[PDB]
Amino acid sequence: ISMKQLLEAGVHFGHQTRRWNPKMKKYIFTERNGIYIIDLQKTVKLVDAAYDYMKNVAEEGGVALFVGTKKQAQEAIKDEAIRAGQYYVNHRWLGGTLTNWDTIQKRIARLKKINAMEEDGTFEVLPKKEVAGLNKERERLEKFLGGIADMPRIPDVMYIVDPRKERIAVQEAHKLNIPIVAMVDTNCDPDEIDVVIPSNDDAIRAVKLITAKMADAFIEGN
RNA sequence: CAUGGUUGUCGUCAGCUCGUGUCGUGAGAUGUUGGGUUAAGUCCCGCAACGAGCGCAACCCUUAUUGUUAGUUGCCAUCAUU
Ligand SMILES: [K+]
Ligand SMILES: [Mg+2]
Ligand SMILES: [Mg+2]
Ligand SMILES: [Mg+2]
């Protein structure tokens, strides 16, 4: 990646000055118009390190989970994670998704079962009311657990967009000792993420750019 | 005021709970809360909760129309007689 790519993506922008985090001054270059400016030089070095770390993790054969519910991030993380073949959560992270992984598997099994009924032909013979209700249920299960529907085990790495937004996701990660590679913003906390990627979380283009670098890293590892 | 069984009661009110997870040092909490909505914890949405069970609802009986099968002990429109 190039610092110019970042600048076009608008990565350098941060949040309002008052809404920053003092711990983020280690990666803040200067403040403009009441807003902070990330240090894109540290950004370039750190994104390189994250690409390297993601490549190493993929080479280990572990499983990667890309998390983002931010409107700027949901579609981007979905596409990039699907492109990498690794699993994603885009709409809403369910409490206990990983800590209660066992229970969530029951819902995933339900989702697979409802699909089998459709393929089997039960849906055709099901009464109008029954089939309609199952479509609604199936839709919700796909809506929530769809992006990880076929995950075999607990992920060995979690990529995150705006951990401050995905507070619960970071908490589950820490509980399970899952290393986190995160898009940390000027208002976010760096101490909670192993591999920090100082970047604007509120730019669609920037989220796509960073997620694309990471998806490329994992694909290259595989 | 040793009990089984049976029964009254709130009340046919929509409540009562558990599994896993999570929070709290702990008793506990969460879900069951909230915006809607319903007769309903009925249901949608959101939510560190995800599910599940007893409930609720439906399955049951009866009444309101009617198709067909049956047509005597029942019915009499078409018919003729009492
Ligand atoms: K519990
Ligand atoms: Mg209650
Ligand atoms: Mg209910
Ligand atoms: Mg809720």
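Structural notes, computed from the coordinates. (Residues numbered from 1 in each chain as written, not as in the entry; some residues may be left out. Chains lettered and ligands numbered in written order. Part of a larger assembly, values for the part shown. Heavy atoms only, no water.)

All right, on to the nonpolar core then. With 31 residues, the main nonpolar core has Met54, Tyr159, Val181 and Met214 as its most contacted residues. Mapped onto this core, the elements with two or more residues apiece are α1 (3-9), α2 (40-60), β4 (64-67), α3 (74-84), β6 (157-161), β7 (180-184), β8 (195-198) and α8 (204-221). Considering every element that reaches this core, the biggest residue donor is α8, with seven residues. Non-local contacts of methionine 54, meaning those with residues more than four positions away in its chain, are made with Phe66, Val157, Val181, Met214, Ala217 and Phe218. Within the second largest apolar cluster, 25 residues are counted, among which are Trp93, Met151, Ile178 and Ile193. (Core = buried A, V, L, I, M, F, W, Y, C linked by side-chain atoms within 4.5 Å. Buried < 20%, exposed > 50% of the residue type's maximum accessible area, 1.4 Å probe, protein only. Helix = DSSP H or I, 4+ residues; strand = E, 2+ residues; numbered from the N terminus. Contact = heavy atoms within 4.5 Å.)

With that settled, the discussion passes to a negative patch on the surface. On the surface, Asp48, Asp52, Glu59 and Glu60 cluster together into a negatively charged patch. In this fold, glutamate 59 is placed in helix α2. (Patch = residues over 30% accessible without salt bridge, like charges linked within 9 Å, V, L, I, M, F, W, Y side chains within 5 Å. Areas by Shrake-Rupley, 256 points an atom, 1.4 Å probe, with all protein chains shown as cover. Salt bridge = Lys/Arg side-chain N within 4 Å of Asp/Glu carboxyl O. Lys, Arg positive; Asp, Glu negative; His and termini not counted. Charge placed at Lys NZ, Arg CZ, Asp CG, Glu CD.)

Moving on, we come to the protein's contact with RNA strand B. The environment of RNA strand B is made up of 14 residues, and the closest members are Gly96, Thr99, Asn100, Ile168 and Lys175. Counted by atom, the contact set of RNA strand B within 4 Å of the protein is 64% sugar and phosphate. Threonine 103 places a polar side-chain atom, nitrogen or oxygen, 3.4 Å from a sugar or linking oxygen of RNA strand B. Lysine 175 places a polar side-chain atom, nitrogen or oxygen, 3.4 Å from a phosphate oxygen of RNA strand B. Sorting the residues of the surface near RNA strand B by element identifies α4 (101-120), α6 (128-145) and α7 (167-176) as the ones contributing at least two each. Tallied by class, the residues present in the surface near RNA strand B amount to two nonpolar, six polar and six charged. (Near = heavy atom within 4 Å. Polar contact = N/O pair within 3.5 Å; in protein donor to acceptor, adjacent residues only side chain to side chain. Nonpolar A, V, L, I, M, F, W, Y, C, P; charged D, E, K, R; others polar.)

This part is about unusual backbone geometry. Positive phi is not limited to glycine here, since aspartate 162 has a value of about 60°. In this fold, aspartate 162 is placed in the loop between β6 and α7. The buried category is assigned to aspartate 162, whose relative accessible area is 11%.

Quick look at the packing of α3 against α8 now. It is the contact of α3 with α8, at a shortest axis distance of 9 Å, that shows an interaxial angle of 15°. Relative to α8, α3 is oriented roughly parallel. In this structure, the crossing between α3 and α8 has a hand that is right-handed. Residues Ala76, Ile77, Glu80, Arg83 and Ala84 of α3 touch α8, and the partners they reach there are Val207, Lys208, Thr211, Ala212, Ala215, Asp216 and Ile219. Looking at the contact of α3 with α8, its residues break down into seven nonpolar, one polar and four charged. (Axes fitted to C-alpha atoms, helices over the stretch in contact; angles between N-to-C directions. Parallel < 35°, antiparallel > 145°, perpendicular 65-115°, else oblique. Left-handed = near helix turned anticlockwise from the far one by under 90°.)

What follows deals with the pairing of β4. Regular strands place side chains that alternate from one sheet face to the opposite one. Residues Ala64 and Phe66 of β4 are buried on one face, and the alternating residues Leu65 and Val67, pointing to the opposite face, are buried as well. In this structure, β4 lies alongside β6, joined through four bridges in parallel fashion. Among the inter-strand pairings, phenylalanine 66 is bridged to a residue of β6, identified as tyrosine 159. Relative to strand β5 (residues 87-89), β4 runs parallel, the two being bridged by three bridges. Counted as the bridge partner of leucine 65 is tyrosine 87 from β5. (Pairing = 2+ DSSP bridges.)

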